[PDB]
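Scroll down for the structure; my scribbles are underneath it.
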Amino acid sequence: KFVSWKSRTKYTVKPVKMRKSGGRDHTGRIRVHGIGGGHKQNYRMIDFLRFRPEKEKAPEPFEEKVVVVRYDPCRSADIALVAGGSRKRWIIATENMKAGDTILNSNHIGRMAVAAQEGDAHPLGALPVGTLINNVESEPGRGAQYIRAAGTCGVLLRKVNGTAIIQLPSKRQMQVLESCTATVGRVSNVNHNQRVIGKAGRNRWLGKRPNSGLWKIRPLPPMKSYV
Amino acid sequence: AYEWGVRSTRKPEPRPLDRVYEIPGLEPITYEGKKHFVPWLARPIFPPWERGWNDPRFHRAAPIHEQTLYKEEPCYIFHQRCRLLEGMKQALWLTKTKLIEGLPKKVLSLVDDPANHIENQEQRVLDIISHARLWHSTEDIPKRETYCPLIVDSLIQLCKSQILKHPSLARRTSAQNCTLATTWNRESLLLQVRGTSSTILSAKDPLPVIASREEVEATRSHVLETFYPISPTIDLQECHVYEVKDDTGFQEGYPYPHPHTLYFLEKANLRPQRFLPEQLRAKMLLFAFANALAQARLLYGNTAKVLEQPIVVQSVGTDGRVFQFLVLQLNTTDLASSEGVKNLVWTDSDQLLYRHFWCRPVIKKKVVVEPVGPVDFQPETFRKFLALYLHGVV
Amino acid sequence: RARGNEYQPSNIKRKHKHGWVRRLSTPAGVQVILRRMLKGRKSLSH
Amino acid sequence: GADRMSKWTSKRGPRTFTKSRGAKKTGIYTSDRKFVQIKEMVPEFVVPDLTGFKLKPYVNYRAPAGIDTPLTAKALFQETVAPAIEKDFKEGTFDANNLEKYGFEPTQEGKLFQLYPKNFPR
RNA sequence: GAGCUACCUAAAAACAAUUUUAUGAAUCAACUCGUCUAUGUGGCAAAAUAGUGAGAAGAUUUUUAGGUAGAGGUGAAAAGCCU
RNA sequence: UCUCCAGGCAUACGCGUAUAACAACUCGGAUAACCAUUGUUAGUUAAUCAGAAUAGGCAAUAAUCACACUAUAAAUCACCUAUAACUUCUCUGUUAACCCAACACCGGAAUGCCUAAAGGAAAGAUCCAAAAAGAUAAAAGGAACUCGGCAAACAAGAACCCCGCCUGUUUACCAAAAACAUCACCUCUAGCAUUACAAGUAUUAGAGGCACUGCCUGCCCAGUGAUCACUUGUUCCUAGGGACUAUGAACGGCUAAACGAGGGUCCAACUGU
Ligand SMILES: [Mg+2]
Ligand SMILES: [Mg+2]
Ligand SMILES: [Mg+2]
Ligand SMILES: [Mg+2]
Ligand SMILES: [Mg+2]
Ligand SMILES: [Mg+2]
Ligand SMILES: [Mg+2]
Ligand SMILES: [Mg+2]
Ligand SMILES: [Mg+2]
Ligand SMILES: [Mg+2]
Ligand SMILES: [Mg+2]
Ligand SMILES: [Mg+2]
Ligand SMILES: [Mg+2]
Ligand SMILES: [Mg+2]
Ligand SMILES: [Mg+2]
Ligand SMILES: [Mg+2]
Ligand SMILES: [Mg+2]
Ligand SMILES: [Mg+2]
Ligand SMILES: [Mg+2]
Ligand SMILES: [Mg+2]
Ligand SMILES: [Mg+2]
Ligand SMILES: [Mg+2]
Ligand SMILES: [Mg+2]
Ligand SMILES: [Mg+2]
Ligand SMILES: [Mg+2]
Ligand SMILES: [Mg+2]
Ligand SMILES: [Mg+2]
Ligand SMILES: [Mg+2]
Ligand SMILES: [Mg+2]
Ligand SMILES: [Mg+2]
Ligand SMILES: [Mg+2]
Ligand SMILES: [Mg+2]
Ligand SMILES: [Mg+2]
Numbered sequence: 062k063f064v065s066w067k068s069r070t071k072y073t074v075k076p077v078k079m080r081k082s083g084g085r086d087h088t089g090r091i092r093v094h095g096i097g098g099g100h101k102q103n104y105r106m107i108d109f110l111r112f113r114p115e116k117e118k119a120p121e122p123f124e125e126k127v128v129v130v131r132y133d134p135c136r137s138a139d140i141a142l143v144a145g146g147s148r149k150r151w152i153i154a155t156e157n158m159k160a161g162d163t164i165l166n167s168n169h170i171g172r173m174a175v176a177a178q179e180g181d182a183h184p185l186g187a188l189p190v191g192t193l194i195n196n197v198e199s200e201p202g203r204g205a206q207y208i209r210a211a212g213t214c215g216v217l218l219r220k221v222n223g224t225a226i227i228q229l230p231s232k233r234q235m236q237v238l239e240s241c242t243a244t245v246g247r248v249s250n251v252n253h254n255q256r257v258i259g260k261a262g263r264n265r266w267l268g269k270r271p272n273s274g275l276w286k287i288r289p290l291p292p293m294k295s296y297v
Numbered sequence: 030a031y032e033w034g035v036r037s038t039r040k041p042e043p044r045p046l047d048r049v050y051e052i053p054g055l056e057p058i059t060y061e062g063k064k065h066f067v068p069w070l071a072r073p074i075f076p077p078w079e080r081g082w083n084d085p086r087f088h089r090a091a092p093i094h095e096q097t098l099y100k101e102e103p104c105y106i107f108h109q110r111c112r113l114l115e116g117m118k119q120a121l122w123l124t125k126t127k128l129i130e131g132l133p134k135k136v137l138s139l140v141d142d143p144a145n146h147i148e149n150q151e152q153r154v155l156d157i158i159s160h161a162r163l164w165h166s167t168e169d170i171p172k173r174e175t176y177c178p179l180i181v182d183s184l185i186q187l188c189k190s191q192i193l194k195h196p197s198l199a200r201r202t203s204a205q206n207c208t209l210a211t212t213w214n215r216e217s218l219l220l221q222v223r224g225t226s227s228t229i230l231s232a233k234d235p236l237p238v239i240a241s242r243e244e245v246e247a248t249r250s251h252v253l254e255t256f257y258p259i260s261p262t263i264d265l266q267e268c269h270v271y272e273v274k275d276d277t278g279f280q281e282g283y284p285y286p287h288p289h290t291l292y293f294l295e296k297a298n299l300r301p302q303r304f305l306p307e308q309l310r311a312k313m314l315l316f317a318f319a320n321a322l323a324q325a326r327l328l329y330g331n332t333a334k335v336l337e338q339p340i341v342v343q344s345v346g347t348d349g350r351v352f353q354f355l356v357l358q359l360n361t362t363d364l365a366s367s368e369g370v371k372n373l374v375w376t377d378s379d380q381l382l383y384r385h386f387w388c389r390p391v392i393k394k395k396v397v398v399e400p401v402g403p404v405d406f407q408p409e410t411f412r413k414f415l416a417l418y419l420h421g422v423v
Numbered sequence: 047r048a049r050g051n052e053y054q055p056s057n058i059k060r061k062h063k064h065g066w067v068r069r070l071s072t073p074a075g076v077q078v079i080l081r082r083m084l085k086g087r088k089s090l091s092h
Numbered sequence: 014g015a016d017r018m019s020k021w022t023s024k025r026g027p028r029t030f031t032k033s034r035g036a037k038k039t040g041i042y043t044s045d046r047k048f049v050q051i052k053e054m055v056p057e058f059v060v061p062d063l064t065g066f067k068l069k070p071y072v073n074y075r076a077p078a079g080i081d082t083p084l085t086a087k088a089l090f091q092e093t094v095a096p097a098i099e100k101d102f103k104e105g106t107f108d109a110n111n112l113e114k115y116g117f118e119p120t121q122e123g124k125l126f127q128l129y130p131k132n133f134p135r
């Protein structure tokens with residue numbers, strides 16, 4: 062009888078009502094522990110393909126205007142409503158975004174290095190080595206999946222041929238095609254890790270239930295005696 | 030690119046057809062003759078069913094492209110719920126109008142005259158505020174969807190009592206929930222406005238022109254400001270099935286051909302459902318300009334030209350506590366180009382009738398800090414309200 | 047606390063948990079009905 | 014603790030539970046939560062004029078009851094159809110195609126009163 | 001078999017007065033719980049009564065409907081709870 | 001009429017005629033009277049109380065008297081474009097001292113209004129024994145009682161040890177605690193999308209441990225001549241010849257307070273212990 066709430070097909074900026082799980086599945090059994098209750102939250106559909114040219118428009122660099130930088134219940138980072146043409150869409154906001162700012166979204170792969178302005182989306186080929194990036198996408202056109210948490214920045218270590226090495230926030234090095242799109246700068250809420258929950262009740266507000274109260287090398291035969 | 034809508038929630042894919050259908054020359058045996066499903070027979074394929082007559086309760090609409098009024102060119106419609114992202118600046122560009130702060134000097138001078146002052150004006154306005162917010166209902170704290178219409182209706186009645194001094198005021202009448210609509214072009218964009226007014230006040234004589242011909246001509250130097258990268262049509266409804274229409278709120282022959290004031294109410298109980306002051310002003314301008322343009326077309330036909338006799342219309346918008354006053358002069362019907370003679374709008378914004386109202390006394394440690402009444406009543410706001418009503422009579 | 051009052055009547059719960067439509071929804075439930083028919087029960091379900 | 018043997022009726026259960034007592038519907042509930050009674054759906058009693066009618070509820074005990082002979086298709090056919098066909102056969106003006114001439118109905122569709130499926134109440 | 005109980009989902013509800021650095025703060029009702037004592041021990045009760053006590057804007061309490069089922073479920077682990 | 005007591009009236013859920021009158025006096029109420037019992041007849045009345053056309057486009061802006069404010073846990077069809085239809089009141093709930101507890105059970109039972117204007121009766125009659133239960137009063141004394149100031153008191157104040165950081169949670173029905181959880185801190189696992197984790201992405205998530213705070217201890221990280229030379233180390237080729245090196249583990253003593261129906265102890269007062 063469990064139907065997922067993720068049943069909306071059309072992108073909108075209207076907040077969407079979310080149903081909580083509690084850690085259960087469609088079967089109805091707990092699959093993950095520590096999830097329950099919390100404050101009621103609304104989902105704001107984020108757009109992780111920064112370079113999405115508007116409908117009935119050419120695939121060339123375009124600009125968008127930042128309406129407001131909001132607080133997101135569903136994320137550690139903060140989101141920004143950005144407007145361009147006749148379209149509004151939520152996006153992830155970088156460290157220094159402000160209302161009224163203008164951000165570029167470019168398809169052009171610069172033969173030479175492109176000056177890096179935080180918040181603008183360029184193909185990794187355009188960027189020069191060493192520039193901090195966020196909201197990287199593993200495959201061209203896939204959509205951002207990495208470095209989209211609060212304060213996380215990835216360095217662009219190297220570019221050779223049509224491939225670049227991206228150092229993920231965990232220091233795990235990844236490689237992608239330079240056609241892949243990344244957003245310059247680190248993600249907002251750079252001080253998210255400095256927060257102090259302070260009391261147990263605050264965690265219960267965040268939908269986190271308390272942990273359970275419950276409290286292996288095998289020697290080889292030569293070593294079994296000497297264990 | 031992430032796709033919205035998880036597959037588990039989508040309509041399930043049709044089950045594959047029975048393999049007997051694949052075999053050519055073979056007629057499958059199905060449960061059609063039984064008139065009920067059985068698990069062990071082939072599933073029939075039924076032809077589309079036609080009732081053979083039209084059932085109104087189960088009417089089915091045709092697709093968009095088959096509608097008679099389907100048109101290739103999109104028409105951007107502005108309606109009540111549209112909230113322009115750029116506010117007035119976008120509304121000024123769409124209507125080809127120039128903005129002047131403050132109300133017209135003629136309107137302002139009307140209420141400076143002591144004779145216009147109503148007897149016990151301040152007390153009656155305060156009583157209206159108290160009645161609108163507290164006394165009218167049996168409940169402890171009335172909701173905005175009730176008092177917001179009430180406060181404006183009471184004010185108009187208070188202003189309408191001036192017929193004792195001025196018999197001319199009998200030549201104007203009011204209607205409610207009246208539809209206004211126009212269609213005009215702006216730089217290759219087809220724009221339409223569909224709207225209503227909470228109350229419409231109309232007169233039997235045109236309002237005096239506010240700006241002289243020289244002032245109207247001088248506007249040619251002024252240039253409409255642009256808001257790149259945002260398009261002029263953002264937050265408008267792109268409609269492909271539409272009928273071109275012009276509406277002034279009444280049919281031809283209405284004895285009061287000239288509309289005097291339009292009243293707009295932000296009476297929603299919840300804040301997110303209420304237009305902001307900036308966006309309310311944009312809505313007032315577009316709805317007022319539409320009323321002016323519809324009247325212009327009726328008098329002078331469908332031609333595009335600079336009007337020899339400009340049209341004046343007034344608009345008032347409130348959420349029950351804040352009032353916005355707008356005066357529009359329509360100077361031209363040649364709006365396709367963005368250069369030339371421009372319309373003129375006078376706006377006085379964010380006029381507080383009262384800062385706050387205490388429906389119940391504020392008591393701290395058995396001490397009445399705040400009495401149960403309007404807080405920081407401003408009579409200046411009503412004087413502007415009275416001035417606009419009296420304009421064109423005194 | 048005092049026990050014995052575990053029945054908290056609710057007709058919606060009763061018909062949904064033990065009703066005709068509930069019993070016919072699964073083959074195991076249909077077999078429940080068949081057993082009660084063979085015994086001769088006057089009440090096949092709630 | 015519930016009663017399993019008593020009938021399920023609208024008096025029982027919560028307010029949300031409702032069901033009919035067997036009365037035929039006389040109208041439709043449209044959108045906006047409005048009942049719209051249909052004049053045609055309301056049964057109309059066809060009552061004859063009883064002036065001058067000689068039949069009363071009871072019969073004389075001296076009135077002889079007849080031999081019971083329930084009506085059959087053959088009995089109806091002989092009384093109504095047989096004389097016409099027999100007369101026409103002697104004149105020779107009979108053919109299979111024109112059975113409708115004697116009262117046959119090829120189909121019940123288009124009749125106000127259809128014998129099968131029956132479309133009128135008693 | 002989850003109309004009890006354990007946990008969860010959806011929709012709802014309740015919280016006076018008094019102080020306060022403004023809150024899983026204080027005093028104390030309604031409400032929730034069940035510290036200690038006496039009574040009761042086939043009792044009013046297959047766990048209650050009478051006092052005395054703990055919390056009482058919160059990790060609070062409570063209502064309606066739904067969910068997870070025994071090789072299992074749930075568990076701020078008492079191997080506690082699942083008529 | 002009098003004496004006294006102080007949860008009543010509605011709705012929801014549930015119950016199903018226990019409702020009302022008459023007649024009965026077998027059974028039922030733990031006894032009578034009278035009926036809650038038996039038989040017969042009746043009853044609950046609603047357009048307002050309650051239950052029961054289609055296809056498109058589209059949304060940044062809580063609530064709290066919503067103003068000023070502050071905040072964080074981030075918080076509820078409409079409107080528009082077209083299409084279609086172009087006058088309607090039937091159906092169902094409605095009684096009651098009632099439901100879940102085997103009972104006419106000192107129990108359990110949601111919301112709104114109100115706190116006596118509503119609703120009720122602790123004593124069948126008599127007697128004044130013992131033992132037992134409950135309430136009040138106490139000469140002198142004031143913990144001498146007792147395992148223990150348990151219980152009671154005209155008292156309801158002070159202080160210190162042990163344990164746990166704190167508010168919370170737990171063995172429905174013998175344990176409420178020092179146990180569990182808890183913020184904080186630490187370890188381990190994971191580089192990723194259309195049903196949980198999550199419409200999330202290493203400042204994230206999961207698994208688990210553990211009081212935090214500040215303060216100590218210091219496993220450890222080739223040597224010797226100094227970024228530098230030789231001996232080592234590791235590999236090979238055969239004891240020779242090449243090749244190559246390139247802060248912090250484990251722990252502790254305690255923030256040091258605050259708080260506790262926790263476990264001990266003391267003083268004052270208070271008392272029939
Ligand atoms: Mg543990
Ligand atoms: Mg039982
Ligand atoms: Mg319950
Ligand atoms: Mg349940
Ligand atoms: Mg309170
Ligand atoms: Mg507290
Ligand atoms: Mg207390
Ligand atoms: Mg306390
Ligand atoms: Mg629990
Ligand atoms: Mg244990
Ligand atoms: Mg054990
Ligand atoms: Mg009698
Ligand atoms: Mg008896
Ligand atoms: Mg009675
Ligand atoms: Mg009786
Ligand atoms: Mg009644
Ligand atoms: Mg019992
Ligand atoms: Mg009384
Ligand atoms: Mg006695
Ligand atoms: Mg005493
Ligand atoms: Mg004494
Ligand atoms: Mg002693
Ligand atoms: Mg002794
Ligand atoms: Mg004591
Ligand atoms: Mg503790
Ligand atoms: Mg505690
Ligand atoms: Mg308990
Ligand atoms: Mg116990
Ligand atoms: Mg305790
Ligand atoms: Mg206990
Ligand atoms: Mg512990
Ligand atoms: Mg304790
Ligand atoms: Mg002493």
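In order, the protein sequences belong to chains D, 5, 2 and 9.
Heads up: the first sequence runs through residues 62 to 276, 286 to 297, numbered per PDB author numbering.
For the second sequence, PDB author numbering begins at 30 and goes up steadily by one.
For the third sequence, PDB author numbering begins at 47 and goes up steadily by one.
For the fourth sequence, PDB author numbering begins at 14 and goes up steadily by one.
Beta carbons: idealized from backbone N, C-alpha and C, even for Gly.
Exercise for the section: Assign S138 (chain 5) to one of three DSSP states: helix, strand, or coil. Expected result: Translated into positions along the second sequence, residue 138 (chain 5) becomes position 109. Helix, per DSSP.
Practice task
Could you confirm whether any beta carbon from chain 2 is found closer than 8 Å to the beta carbon of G14 (chain 9)?
Solution key: Within the fourth sequence, numbered from 1, the residue matching residue 14 (chain 9) stands at position 1. Output row for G14 (chain 9): interface = yes.
Exercise for the section: Name, in chain order, the residues that DSSP records as bridge partners for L128 (chain 5). Expected result: Locating residue 128 (chain 5) in the second sequence gives position 99, where the first residue counts as 1. Answer by DSSP bridge pairing, in chain order: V374 (chain 5).
Exercise for the section: Give the DSSP bridge partners of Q358 (chain 5), in chain order. Expected result: One-based indexing of the second sequence puts residue 358 (chain 5) at position 329. In DSSP, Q358 (chain 5) forms a bridge with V341 (chain 5), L373 (chain 5).
Exercise for the section: Have a look at the DSSP bridge pairing and note the partners of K269 (chain D). Expected result: Counting from 1 along the first sequence, the entry for residue 269 (chain D) is found at position 208. Answer is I96 (chain D).
Practice task
Taking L70 (chain 5) as the reference, give the member of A91 (chain 5), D47 (chain 5), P92 (chain 5), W78 (chain 5) with the closest Cα.
Solution key: Stepping through the second sequence from its first residue, residue 70 (chain 5) is reached at position 41. When only C-alpha atoms are compared, the closest one is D47 (chain 5).
Exercise for the section: Figure out for me which residue from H385 (chain 5), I52 (chain 5), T361 (chain 5), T410 (chain 5) has the closest Cα to the Cα of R242 (chain 5). Expected result: Taking the first residue of the second sequence as position 1, residue 242 (chain 5) is located at position 213. Nearest option by C-alpha distance: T361 (chain 5).
Exercise for the section: Check the Cβ-Cβ distances between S260 (chain 5) and every residue of chain D, and say whether any is below 8 Å. Expected result: Position 231 of the second sequence, counted from the start, is the residue given in the question as residue 260 (chain 5). Interface residue, yes.
Handout entry: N57 (chain 2) (DSSP reduced to helix, strand or coil)
Key = If you number the third sequence from 1, residue 57 (chain 2) lands on position 11. In the structure shown, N57 (chain 2) sits in a helix (DSSP, three-state: H, G or I).
Problem - Where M235 (chain D) sits in the DSSP three-state scheme - result: Along the first sequence, read from residue 1 onward, the residue named residue 235 (chain D) stands at position 174. Here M235 (chain D) sits in strand by DSSP.
Exercise for the section: Would you mind stating whether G99 (chain D) and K81 (chain D) have Cβ atoms separated by less than 8 Å? Expected result: Here residue 99 (chain D) corresponds to residue number 38 of the first sequence, with the count starting at 1. Here residue 81 (chain D) corresponds to residue number 20 of the first sequence, with the count starting at 1. In contact: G99 (chain D) and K81 (chain D) (Cβ atoms closer than 8 Å).
Handout entry: Residue range of the unbroken alpha helix (DSSP H) whose run includes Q152 (chain 5)
Key = Start at 1 with the first residue of the second sequence, and residue 152 (chain 5) comes out as number 123. It spans 150–159 - the alpha helix (DSSP H) in which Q152 (chain 5) sits, taken as one unbroken run.
Problem - Residue range of the unbroken alpha helix (DSSP H) whose run includes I185 (chain 5) - result: Stepping through the second sequence from its first residue, residue 185 (chain 5) is reached at position 156. Where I185 (chain 5) is concerned, the enclosing alpha helix (DSSP H) stretches over 173–189.
Exercise for the section: Label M293 (chain D) either buried or exposed according to how many other C-beta atoms from any shown protein chain fall within 10 Å of its C-beta, with 16 as the threshold for buried. Expected result: Numbered from 1 along the first sequence, position 223 holds the residue referred to as residue 293 (chain D). Under this definition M293 (chain D) is an exposed residue.
Practice task
State yes or no: is the C-beta of residue 12 (chain 5) within less than 8 Å of the C-beta of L219 (chain 5)?
Solution key: In this structure chain 5 extends from 30 to 423, so residue 12 (chain 5) is not present and cannot be described.
Problem - Beta bridge counterpart(s) of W213 (chain 5) as assigned by DSSP - result: Taking the second sequence and counting its residues from 1, the one referred to as residue 213 (chain 5) is at position 184. Bridge partners of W213 (chain 5): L220 (chain 5).
Handout entry: Residue span of the alpha helix (DSSP H) that contains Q324 (chain 5), given as start and end
Key = Within the second sequence, the letter at position 295 stands for residue 324 (chain 5). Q324 (chain 5) -> alpha helix (DSSP H) spans 306–329.
Exercise for the section: Note down, in chain order, each residue of its chain lying with its Cβ closer than 6 Å to the Cβ of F109 (chain D), except the 5 sequence neighbours on either side. Expected result: Looking up residue 109 (chain D) in the first sequence gives position 48. Cβ neighbours of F109 (chain D) beyond the five flanking positions: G204, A205.
Practice task
Count the other C-beta atoms from every protein chain shown that fall within 10 angstroms of the C-beta of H420 (chain 5), then say buried if there are 16 or more, exposed otherwise.
Solution key: As a first step, residue 420 (chain 5) must be located in the second sequence, where it is residue number 391. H420 (chain 5) comes out buried.
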